[PDB]
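Undergrad: One structure is given below, represented as structure tokens, and several questions about it will come after.
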Amino acid sequence: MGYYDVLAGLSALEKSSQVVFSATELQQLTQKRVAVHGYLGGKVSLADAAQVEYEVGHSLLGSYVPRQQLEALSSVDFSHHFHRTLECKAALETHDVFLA
Amino acid sequence: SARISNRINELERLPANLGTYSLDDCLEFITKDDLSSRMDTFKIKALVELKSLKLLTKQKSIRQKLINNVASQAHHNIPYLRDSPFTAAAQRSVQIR
Amino acid sequence: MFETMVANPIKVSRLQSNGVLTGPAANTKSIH
Amino acid sequence: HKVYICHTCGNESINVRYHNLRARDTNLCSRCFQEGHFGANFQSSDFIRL
Amino acid sequence: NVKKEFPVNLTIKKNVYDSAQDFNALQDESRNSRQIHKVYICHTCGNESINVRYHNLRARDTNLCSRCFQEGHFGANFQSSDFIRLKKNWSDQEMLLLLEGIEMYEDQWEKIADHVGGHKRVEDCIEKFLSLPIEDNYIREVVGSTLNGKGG
Amino acid sequence: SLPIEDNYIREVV
Amino acid sequence: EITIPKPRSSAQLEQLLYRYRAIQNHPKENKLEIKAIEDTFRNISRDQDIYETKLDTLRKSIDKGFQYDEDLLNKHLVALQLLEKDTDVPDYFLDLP
Amino acid sequence: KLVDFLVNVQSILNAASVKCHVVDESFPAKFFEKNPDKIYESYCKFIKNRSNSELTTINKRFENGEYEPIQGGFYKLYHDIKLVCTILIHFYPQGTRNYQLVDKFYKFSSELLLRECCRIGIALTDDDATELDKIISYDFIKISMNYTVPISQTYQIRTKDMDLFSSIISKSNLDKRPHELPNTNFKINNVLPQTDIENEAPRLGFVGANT
Amino acid sequence: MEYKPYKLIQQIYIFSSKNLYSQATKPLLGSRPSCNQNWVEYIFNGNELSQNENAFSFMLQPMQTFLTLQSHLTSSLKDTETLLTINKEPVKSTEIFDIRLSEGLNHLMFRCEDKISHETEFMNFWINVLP
Amino acid sequence: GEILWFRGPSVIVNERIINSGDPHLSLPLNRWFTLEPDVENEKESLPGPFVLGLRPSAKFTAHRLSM
Amino acid sequence: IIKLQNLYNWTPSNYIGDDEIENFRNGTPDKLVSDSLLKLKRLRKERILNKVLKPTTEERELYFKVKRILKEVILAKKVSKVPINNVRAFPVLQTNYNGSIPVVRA
Ligand SMILES: [Zn+2]
């Protein structure tokens with residue numbers, strides 16, 4: 001995406017010297033509201049709500065997790081999951097693009 | 001809504017292990033085995049703010065219930081509204097058999 | 001030894017784990 | 001007053017309890033928290049001192 | 001016959017313009033390429049103790065990427081001789097020492113820089129002091145004083 | 001009585 | 001040309017230096033990233049020298065007997081803090097001073 | 001530095017011993033060695049002699065000006081602290097209140113003295129066998145960091161169903177009494193400390209989920 | 001109790017599997033490399049230990065399932081050695097065994113017998129493999 | 001008054017707080033100043049784990065004790 | 001030519017302008033600080049009215065300028081007193097261990 005992003009990715013992995021950019025690679029690296037709930041008014045049809053697309057985004061475990069399931073989760077697996085998705089994502093994206 | 005979602009995003013991207021060194025732990029001679037009585041003070045504040053930001057619609061609903069149930073009884077509970085000749089005349093007009 | 005013994009585990013109910021209120025005023029069906 | 005009890009050992013917690021942020025019902029002694037005597041799916045970051 | 005405001009938890013939030021000044025606990029170890037960890041820990045349970053040997057790893061295959069800076073590395077386009085022959089970011093112990101110095105010596109910046117350590121200059125301490133979060137009660141007092149001065 | 005939303009309402013308006 | 005952009009922060013400069021130190025030993029192969037990296041380094045060193053000279057000129061020509069009022073300095077510190085951490089400064093806080 | 005350092009250390013040790021009175025205890029006040037790792041042993045010997053051929057506290061040594069700002073005074077302070085702590089540990093019962101108070105005080109004071117002496121430039125005092133080590137030393141360059149720390153112990157038993165363990169034993173690292181198995185068939189398990197330092201943790205939104 | 005230093009056993013090593021390391025550092029031109037990359041090693045000296053405290057405990061991350069145990073013997077004669085996992089029996093390949101632990105708590109009993117002087121020495125290892 | 005027995009051996013943690021910024025812990029990129037394994041490998045014997053943890057100075061503790 | 005003395009010692013806040021030198025020599029730097037804070041607040045309001053999160057470059061530059069001006073004012077001892085109001089704590093990470101009691105997993 002960005003040149004410095006590519007460098008940070010190639011440096012996260014230790015295979016930064018095994019990459020060589022071409023001319024073109026360098027030249028390209030430098031560049032209504034439908035009522036869903038009813039806590040406040042009269043709810044619209046559930047079909048209408050389904051027709052609309054939901055996007056929370058800001059939360060990590062979505063907008064709802066049942067009590068028993070959350071209470072009986074594993075913390076190590078989710079810590080590793082967040083480390084893979086939130087922090088190490090750029091390095092893996094670069095490894096997907098370059099490094100075959 | 002955009003501002004609120006951004007704040008909630010920032011709060012959720014915090015680490016769980018978020019202790020706080022309080023600078024008053026000097027008088028509590030911690031010996032690397034004791035537990036500091038103030039390790040969870042920024043974690044508690046972060047949790048409080050996050051949960052309060054996630055329970056916004058519930059507070060809105062309870063507030064609007066209170067407001068509606070206190071407005072519907074204006075003419076019966078507020079003196080200077082209950083005592084005007086027009087409200088009295090209307091309440092009499094409703095009860096005409 | 002100790003091979004024939006049994007555990008006798010300790011069980012704690014969540015109601016007992018968080019919300020026990022005590023004193024002579026514990027139960028309401030008391031003159032106290 | 002009120003009485004709390006560690007979810008692992010029957011002993012009651014004194015002056016302080018470690019509330020589980022995920023279970024929201026199970027509290028721990030100070031010692032059983034120092035020594036990691038909770039479940040193997042919980043980490044120390046799941047508890048809060050109250 | 002006053003407006004109490006929601007707390008401004010400034011210690012929790014992050015710097016918006018230069019995020020390289022947040023506390024080390026809030027920073028993201030992804031801009032300096034430190035996400036992936038390569039650790040090697042050797043124990044030795046010899047005599048009622050353990051000799052923990054912690055090893056960080058750097059690729060020996062990488063030529064001039066995991067070795068200390070030296071003069072023979074830079075060519076004629078550099079002027080590095082005197083500099084190489086003769087810190088820069090803060091830490092948690094140094095932040096604690098800065099707070100303690102401010103607590104003991106109010107504005108005597110030289111005594112504070114001596115209390116922190118020989119690594120930091122006075123200017124760095126002044127910067128860090130300028131970027132420290134302030135209390136919430138004092139913020140409420142200042143804002144309310146301005147409001148009352150406007151309204152009366 | 002909890003100023004949950006006051007800051008954002010105030011800064012937008 | 002190529003003209004690698006100016007590094008936004010110091011970590012970007014550090015990674016630029018790391019990339020250069022990785023590339024060094026294959027100049028006949030790379031031959032193009034090296035020149036852009038070196039032009040960026042030249043610009044950075046030039047800016048650093050200019051900044052040092054301007055700082056020296058500034059600190060030696062400040063004023064003889066001027067001083068900063070404490071009230072205004074306190075208001076400015078609080079406002080800088082608030083703006084730095086994305087909070088809001090009320091409208092009556094800076095126009096009136 | 002060293003003058004103010006000694007003043008501060010005296011004040012701190014006086015403040016931290018309100019419940020333990022470790023500073024207000026009297027030891028023979030004529031004993032001294034060079035290597036600390038044998039002190040107790042030597043003291044025993046000392047005792048025997050002066051027990052068959054038949055004085056001051058720490059505050060008294062402070063007010064009389066007995067600790068000089070040189071390494072000698074710091075080592076004398078560390079030695080006297082360790083000595084009084086060993087004495088009071090072997091005096092009180094195994095797991096009473098004063099026992100653990102003395103142990104806590106020893107930990108605190110020793111760590112304090114070590115850190116402070118290291119801050120003033122003072123001190124008070126290999127991978128070939130495994131193929132994993134071979135390939136690691138072949139692939140990566142190792143920036144190392146070495147330290148030592150004592151291990152703990154617990155009791156362990158086996159029953160019809162499962163293996164069971166005890167709580168960590170609160171026996172101090174200064175206790176030299178050999179052992180006393182409360183019952184036979186008790187195995188002694190050695191618990192090793194935790195290795196990782198930057199052990200990761202999930203985000204805050206994981207523990208503050210909506211239910 | 002007492003203090004009994006070992007005589008037959010000397011410098012038992014328990015370390016991570018070389019295959020896990022090779023597959024985490026080299027992806028075989030296939031998938032992505034891992035992100036944790038924590039490799040451990042535990043050394044136990046025959047002398048300066050006790051035969052009355054022969055149990056040891058430590059935990060492992062879920063990916064640290066494959067271990068390897070290397071044994072050295074001071075007795076340069078012919079001895080009989082048996083490694084017991086959770087009470088199965090692994091077979092060696094100075095000896096080298098490769099162990100595949102299971103999630104939960106595992107018990108390793110390493111036993112040496114002289115059979116010339118008829119001396120036995122045991123080493124017990126409790127290991128936690130987290131979920 | 002009876003011994004409580006758990007299904008798992010306890011856990012020991014040396015330091016409860018860590019120095020999130022430290023040359024010992026957070027190895028910096030681009031190390032500036034200083035067959036066989038290598039020449040650039042260096043070992044450092046710490047005087048104790050307290051180097052990895054946050055501790056207050058004796059001076060500030062004394063200062064707080066004076067009041 | 002390139003000097004490692006400069007590469008090692010460089011920050012994005014090293015771009016003094018002539019406005020600072022003038023408003024120092026002519027006295028009254030406080031006017032510059034107040035005007036810059038007003039400009040920052042206006043830019044942030046405009047940044048809020050249309051939904052965008054990342055501050056623009058000019059906002060970073062104004063922030064750096066204000067910080068440098070205040071730093072050089074305090075360093076030159078051009079103030080009688082400095083207000084000292086700090087949260088006497090600060091956040092720090094915390095070791096994170098797992099539970100040792102294994103899972104039953106019914
Ligand atoms: Zn308990």
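Here, A, B, ... name the chains of the structure tokens in the order displayed, residue numbers run from 1 inside each chain, and ligands are numbered from 1 in the same displayed order.
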Could you tell me, counting only C-alpha atoms and all ligand atoms, which protein and nucleic acid residues lie no more than 7 Å from ligand 1, written as a list in words?
TA: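 The neighbouring residues of ligand 1 are, in order, residues 6, 7, 8, 9, 10, 11, 12, 13, 28, 29, 31 and 32 of chain D.
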Undergrad: Convert the current residue selection to file output with N, CA and C atoms, as a tab-separated table (two decimals), in the first residue's frame.
TA:
chain	number	residue	atom	x	y	z
D	6	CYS	N	-14.34	-17.55	48.07
D	6	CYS	CA	-13.54	-17.89	46.90
D	6	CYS	C	-14.18	-19.03	46.13
D	7	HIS	N	-14.16	-18.92	44.81
D	7	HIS	CA	-14.78	-19.93	43.96
D	7	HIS	C	-14.01	-21.24	43.94
D	8	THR	N	-12.75	-21.25	44.37
D	8	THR	CA	-11.92	-22.44	44.30
D	8	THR	C	-11.80	-23.15	45.64
D	9	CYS	N	-11.38	-22.45	46.68
D	9	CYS	CA	-11.41	-22.98	48.03
D	9	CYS	C	-12.58	-22.37	48.79
D	10	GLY	N	-13.15	-23.15	49.70
D	10	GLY	CA	-14.32	-22.68	50.42
D	10	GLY	C	-14.06	-21.49	51.32
D	11	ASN	N	-12.80	-21.19	51.61
D	11	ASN	CA	-12.48	-20.11	52.53
D	11	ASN	C	-13.03	-18.79	52.01
D	12	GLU	N	-13.42	-17.92	52.93
D	12	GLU	CA	-13.97	-16.62	52.58
D	12	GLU	C	-12.85	-15.61	52.40
D	13	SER	N	-13.01	-14.74	51.40
D	13	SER	CA	-12.04	-13.70	51.13
D	13	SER	C	-12.21	-12.55	52.11
D	28	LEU	N	-12.39	-14.54	43.77
D	28	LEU	CA	-11.25	-15.33	44.21
D	28	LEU	C	-10.59	-14.70	45.42
D	29	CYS	N	-9.96	-15.55	46.24
D	29	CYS	CA	-9.13	-15.06	47.32
D	29	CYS	C	-7.94	-14.29	46.77
D	31	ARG	N	-4.90	-14.97	47.83
D	31	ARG	CA	-3.84	-15.96	47.69
D	31	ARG	C	-4.07	-16.83	46.47
D	32	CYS	N	-5.29	-17.32	46.29
D	32	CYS	CA	-5.61	-18.12	45.12
D	32	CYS	C	-5.46	-17.33	43.83
Undergrad: Restrict the distance test to only C-alpha atoms, flag each residue of chain B within 10 Å of chain E, and return the flagged residues as a VMD selection string.
TA: chain B and resid 7 10 to 11 13 to 15 17 to 23 42 to 43 45 to 46 49
Undergrad: Taking only C-alpha atoms into account, report as number ranges by chain which residues of chain A lie within 9 Å of chain I.
TA: A: 74-77, 80, 83-84, 88, 92, 95-96, 99-100
Undergrad: Measuring atom to atom with only C-alpha atoms, identify which of K:9, K:55, K:24, K:63 is nearest to residue 76 (chain K).
TA: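 Between K:9, K:55, K:24, K:63, the residue approaching residue 76 (chain K) most closely is K:24.
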Undergrad: Please identify all polymer residues within 10 Å of residue 56 (chain B), counting only C-alpha atoms, omitting same-chain residues fewer than 6 positions from it, and present them as an mmCIF file with C-alpha atoms, in the first residue's frame.
TA:
data_model
loop_
_atom_site.group_PDB
_atom_site.id
_atom_site.type_symbol
_atom_site.label_atom_id
_atom_site.label_comp_id
_atom_site.auth_asym_id
_atom_site.auth_seq_id
_atom_site.Cartn_x
_atom_site.Cartn_y
_atom_site.Cartn_z
ATOM 1 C CA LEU F 2 -24.785 10.464 34.110
ATOM 2 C CA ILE F 4 -22.346 9.850 29.231
ATOM 3 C CA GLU F 5 -23.004 11.736 25.989
#
Undergrad: Nearest to residue 18 (chain K): which of G:45, G:74, G:57, G:12 is it, counting only C-alpha atoms?
TA: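 Of G:45, G:74, G:57, G:12, the one nearest residue 18 (chain K) is G:57, counting only C-alpha atoms.
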Undergrad: Would you mind listing, as a PDB file with N, CA and C atoms, in the first residue's frame, all residues of chain H that have at least one atom within 9 Å of chain C, where only C-alpha atoms are what counts?
TA:
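Written out: result_6.pdb:
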ATOM      1  N   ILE H 157       0.545 -35.489  46.165  1.00  0.00           N
ATOM      2  CA  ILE H 157       0.092 -36.826  46.517  1.00  0.00           C
ATOM      3  C   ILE H 157      -0.646 -37.435  45.335  1.00  0.00           C
ATOM      4  N   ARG H 158      -0.798 -38.754  45.388  1.00  0.00           N
ATOM      5  CA  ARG H 158      -1.523 -39.521  44.386  1.00  0.00           C
ATOM      6  C   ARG H 158      -2.646 -40.286  45.066  1.00  0.00           C
ATOM      7  N   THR H 159      -3.823 -40.277  44.446  1.00  0.00           N
ATOM      8  CA  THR H 159      -4.970 -40.974  45.013  1.00  0.00           C
ATOM      9  C   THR H 159      -5.566 -41.946  44.004  1.00  0.00           C
ATOM     10  N   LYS H 160      -6.733 -42.505  44.330  1.00  0.00           N
ATOM     11  CA  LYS H 160      -7.378 -43.450  43.426  1.00  0.00           C
ATOM     12  C   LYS H 160      -7.702 -42.803  42.087  1.00  0.00           C
ATOM     13  N   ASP H 161      -8.078 -41.528  42.101  1.00  0.00           N
ATOM     14  CA  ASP H 161      -8.579 -40.858  40.908  1.00  0.00           C
ATOM     15  C   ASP H 161      -7.529 -40.006  40.211  1.00  0.00           C
ATOM     16  N   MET H 162      -6.811 -39.167  40.953  1.00  0.00           N
ATOM     17  CA  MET H 162      -6.021 -38.118  40.330  1.00  0.00           C
ATOM     18  C   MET H 162      -4.827 -37.768  41.204  1.00  0.00           C
ATOM     19  N   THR H 184       4.121 -39.308  55.909  1.00  0.00           N
ATOM     20  CA  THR H 184       4.764 -40.056  54.847  1.00  0.00           C
ATOM     21  C   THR H 184       3.870 -40.050  53.610  1.00  0.00           C
ATOM     22  N   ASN H 185       4.419 -40.544  52.502  1.00  0.00           N
ATOM     23  CA  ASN H 185       3.791 -40.563  51.185  1.00  0.00           C
ATOM     24  C   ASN H 185       3.627 -39.168  50.595  1.00  0.00           C
TER      25      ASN H 185
END
Undergrad: Using only C-alpha atoms, find the residues of chain G whose closest atom to chain E is at most 6 Å away, then write them as a PyMOL selection string.
TA: chain G and resi 11+21-22+84-85
Undergrad: Leaving out region 188-195 of chain H and any residue of its chain fewer than 2 positions from it, which residues lie within 10 Å of it when counting only C-alpha atoms, given as a PyMOL selection string?
TA: (chain E and resi 41-43+45+48-50+52-54) or (chain H and resi 149-157+165-166+168+181+185-186+197-199) or (chain I and resi 40+52-60+124-126) or (chain J and resi 9-15) or (chain K and resi 97)
Undergrad: Could you write out the selected residues, including C-alpha atoms, as a CSV table (one decimal), in the first residue's frame?
TA:
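This went into again-v6.csv:
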chain,number,residue,atom,x,y,z
E,41,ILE,CA,15.0,-19.1,27.2
E,42,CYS,CA,17.4,-21.5,28.8
E,43,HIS,CA,16.9,-22.6,32.4
E,45,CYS,CA,17.6,-26.0,37.9
E,48,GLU,CA,17.9,-24.7,44.8
E,49,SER,CA,17.7,-21.9,42.2
E,50,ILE,CA,17.5,-21.3,38.5
E,52,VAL,CA,17.4,-18.0,33.6
E,53,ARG,CA,19.2,-17.1,30.4
E,54,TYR,CA,17.1,-14.9,28.2
H,149,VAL,CA,16.1,-16.7,41.4
H,150,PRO,CA,15.2,-19.4,44.0
H,151,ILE,CA,12.6,-22.0,43.2
H,152,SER,CA,9.7,-22.9,45.4
H,153,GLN,CA,8.2,-26.2,46.6
H,154,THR,CA,4.9,-27.8,47.3
H,155,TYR,CA,3.5,-31.1,48.5
H,156,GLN,CA,2.1,-33.6,46.0
H,157,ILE,CA,0.1,-36.8,46.5
H,165,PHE,CA,-0.9,-30.7,44.8
H,166,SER,CA,-0.7,-28.3,47.8
H,168,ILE,CA,3.1,-23.1,47.8
H,181,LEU,CA,7.3,-34.2,56.2
H,185,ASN,CA,3.8,-40.6,51.2
H,186,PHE,CA,4.1,-36.8,50.7
H,197,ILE,CA,8.4,-11.4,30.2
H,198,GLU,CA,6.5,-9.7,27.4
H,199,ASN,CA,3.7,-12.3,27.7
I,40,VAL,CA,12.6,-23.1,25.8
I,52,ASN,CA,14.3,-36.8,47.8
I,53,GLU,CA,12.9,-33.9,45.8
I,54,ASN,CA,12.7,-35.4,42.3
I,55,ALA,CA,9.6,-33.7,41.0
I,56,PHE,CA,9.5,-30.5,38.8
I,57,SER,CA,6.7,-28.5,37.3
I,58,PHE,CA,6.4,-26.0,34.5
I,59,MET,CA,3.8,-24.8,31.9
I,60,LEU,CA,3.9,-24.7,28.1
I,124,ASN,CA,9.4,-37.0,37.9
I,125,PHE,CA,8.2,-34.1,35.7
I,126,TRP,CA,4.7,-32.5,35.8
J,9,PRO,CA,0.8,-26.9,40.8
J,10,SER,CA,0.9,-23.2,41.6
J,11,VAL,CA,2.4,-20.4,39.5
J,12,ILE,CA,5.3,-18.2,40.5
J,13,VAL,CA,5.8,-14.7,38.9
J,14,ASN,CA,8.9,-12.8,39.8
J,15,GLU,CA,7.9,-9.2,38.9
K,97,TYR,CA,0.0,-15.5,33.7
Undergrad: For region 1-96 of chain B versus region 37-47 of chain A, which residues have an atom no more than 9 Å away, and what is each residue's nearest atom pair and distance in Å rounded to one decimal, using only C-alpha atoms, chain-then-number order, as CSV?
TA:
residue,atom,partner,partner_atom,distance
B:57,CA,A:39,CA,7.2
B:58,CA,A:39,CA,7.4
B:60,CA,A:40,CA,7.6
B:61,CA,A:40,CA,5.6
B:64,CA,A:40,CA,7.7
B:65,CA,A:40,CA,8.9
Undergrad: As a PDB file with C-alpha atoms, in the first residue's frame, please: the residues near residue 88 (chain G) (cut-off 12 Å, only C-alpha atoms, same-chain neighbours under 4 positions excluded).
TA:
ATOM      1  CA  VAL E   8     -11.715  13.611  31.409  1.00  0.00           C
ATOM      2  CA  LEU E  10      -6.545  12.085  30.048  1.00  0.00           C
ATOM      3  CA  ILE E 139      -9.404  20.995  34.745  1.00  0.00           C
ATOM      4  CA  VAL E 143     -13.030  25.589  33.019  1.00  0.00           C
TER       5      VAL E 143
ATOM      6  CA  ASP F   6     -22.555  15.392  26.951  1.00  0.00           C
ATOM      7  CA  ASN F   7     -19.030  15.894  25.597  1.00  0.00           C
ATOM      8  CA  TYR F   8     -19.838  14.771  22.058  1.00  0.00           C
ATOM      9  CA  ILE F   9     -23.145  16.652  21.889  1.00  0.00           C
ATOM     10  CA  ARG F  10     -21.300  19.744  23.094  1.00  0.00           C
ATOM     11  CA  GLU F  11     -18.413  19.454  20.642  1.00  0.00           C
ATOM     12  CA  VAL F  12     -20.643  18.816  17.630  1.00  0.00           C
ATOM     13  CA  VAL F  13     -22.885  21.770  18.483  1.00  0.00           C
TER      14      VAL F  13
ATOM     15  CA  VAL G  78      -4.489  23.330  29.792  1.00  0.00           C
ATOM     16  CA  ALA G  79      -5.681  24.153  26.273  1.00  0.00           C
ATOM     17  CA  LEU G  80      -2.627  22.516  24.706  1.00  0.00           C
ATOM     18  CA  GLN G  81      -3.190  19.380  26.782  1.00  0.00           C
ATOM     19  CA  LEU G  82      -6.883  19.185  25.885  1.00  0.00           C
ATOM     20  CA  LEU G  83      -6.289  19.742  22.170  1.00  0.00           C
ATOM     21  CA  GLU G  84      -3.424  17.242  22.237  1.00  0.00           C
ATOM     22  CA  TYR G  92     -15.296  30.900  26.071  1.00  0.00           C
ATOM     23  CA  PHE G  93     -11.811  29.626  26.954  1.00  0.00           C
TER      24      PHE G  93
ATOM     25  CA  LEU K  40      -5.940  24.481  15.970  1.00  0.00           C
ATOM     26  CA  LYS K  41      -9.409  24.582  17.511  1.00  0.00           C
ATOM     27  CA  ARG K  42     -10.966  25.859  14.282  1.00  0.00           C
ATOM     28  CA  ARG K  44     -10.424  20.496  14.685  1.00  0.00           C
ATOM     29  CA  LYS K  45     -14.010  21.747  14.444  1.00  0.00           C
ATOM     30  CA  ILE K  48     -15.297  17.053  13.138  1.00  0.00           C
TER      31      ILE K  48
END
Undergrad: Name all residues at most 10 Å from residue 80 (chain I) (count only C-alpha atoms; drop same-chain ones fewer than 5 positions away) and give them as a PyMOL selection string.
TA: chain I and resi 111-115+120
Undergrad: Considering only C-alpha atoms, extract the chain J residues located within 6 Å of chain H and return them as a list in words.
TA: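 Residues satisfying the distance criterion: residues 5, 6, 7, 9, 12, 13, 37, 41, 42, 43, 44, 45, 46, 48 and 62 of chain J.
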Undergrad: Excluding same-chain residues fewer than 2 positions from residue 26 (chain D), what lies within 7 Å of it counting only C-alpha atoms, as a count of residues only?
TA: 9
Undergrad: In Å, rounded to a single decimal, give me how far CA of residue 88 (chain K) is from CA of residue 24 (chain E).
TA: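 According to the coordinates, CA of residue 24 (chain E) and CA of residue 88 (chain K) are separated by 16.8 Å.
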